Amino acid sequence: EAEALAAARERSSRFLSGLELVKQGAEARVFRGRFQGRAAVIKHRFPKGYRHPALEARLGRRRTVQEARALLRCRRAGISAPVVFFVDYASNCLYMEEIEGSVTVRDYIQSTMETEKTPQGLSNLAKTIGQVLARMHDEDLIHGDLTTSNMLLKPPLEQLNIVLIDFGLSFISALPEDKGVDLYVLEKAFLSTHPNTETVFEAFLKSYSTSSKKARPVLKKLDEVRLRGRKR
């Protein structure tokens, strides 16, 4: 077992040898390739020689396990998100469908505000984001790390087809305090990366609250989380 496992992580590394690297983070590298004839993308949560391989072991596993159930939960709910093809729990790799020809919402918003020159043009996109996160939260699924770079825009761009990605920190909870804190981190994501887009966050919020049937208590806890800075 101890020898066979080294082999299974050794095929992994070989397989990713010849693949284009598309996303890199503190926890995960994302390679682009093909998997049994389908356009796929492989998300490796690599170990770092910096800490105890006992703690690092479970950290890769939890993120991968949690992303795997989160993408299943969204497929069975009409929440659009990548399909998962294979999950290697020996190497913490996650083989999923590539969202071909898509662009992040972050570059759809610093591309629309350099030509339109006003945020007045973004209220349809905000409307649809409110609809997407409302039906997500309505199945008590907390994303965990909502930013405008974990939402993709599938072609055709005109119809605003939002695909959510990166669910490693996601989790199930019906607590409005948890949905509230989930929207707060998306709010701070707008603030840091997209200047002067504050009017865009209620075309979102007003959309969310007319699209999710339990949103009233979540927006009371959002305004309580905005006042405190955290959940407590």
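The first residue of the sequence shown is number 1, and the count goes up from there. We call the rigid core the largest set of C-alpha positions that still match within 1.5 Å between the two forms.
Where the structures in 4 other deposited structures of this protein are fitted on the rigid core, 48-56 is the one of 48-56 and 30-38 whose C-alphas sit farther from the shown form on average.
In terms of root mean square C-alpha deviation after superposing on the rigid core in 4 other deposited structures of this protein, the stretch standing farther out between 79-87 and 116-124 is 116-124. Across the two stretches, 45-53 and 59-67, the PDB entry reports the greater mean Cα temperature factor for 45-53. Stretches 107-115 and 91-99 differ in mean C-alpha B factor, with the higher average recorded for 107-115. For residue 146, the recorded CA B-factor ranks within the lowest third of the chain. Only modelled residues enter the ranking. Looking at the C-alpha B-factors along this chain, the one for residue 207 belongs to the middle third. Among the modelled residues of the chain, residue 196 sits in the highest third by CA temperature factor in this PDB entry. When the modelled residues of the chain are ordered by their C-alpha B factor, residue 74 lands in the middle third. Sort the modelled residues of the chain by CA B factor and residue 157 lands in the highest third.
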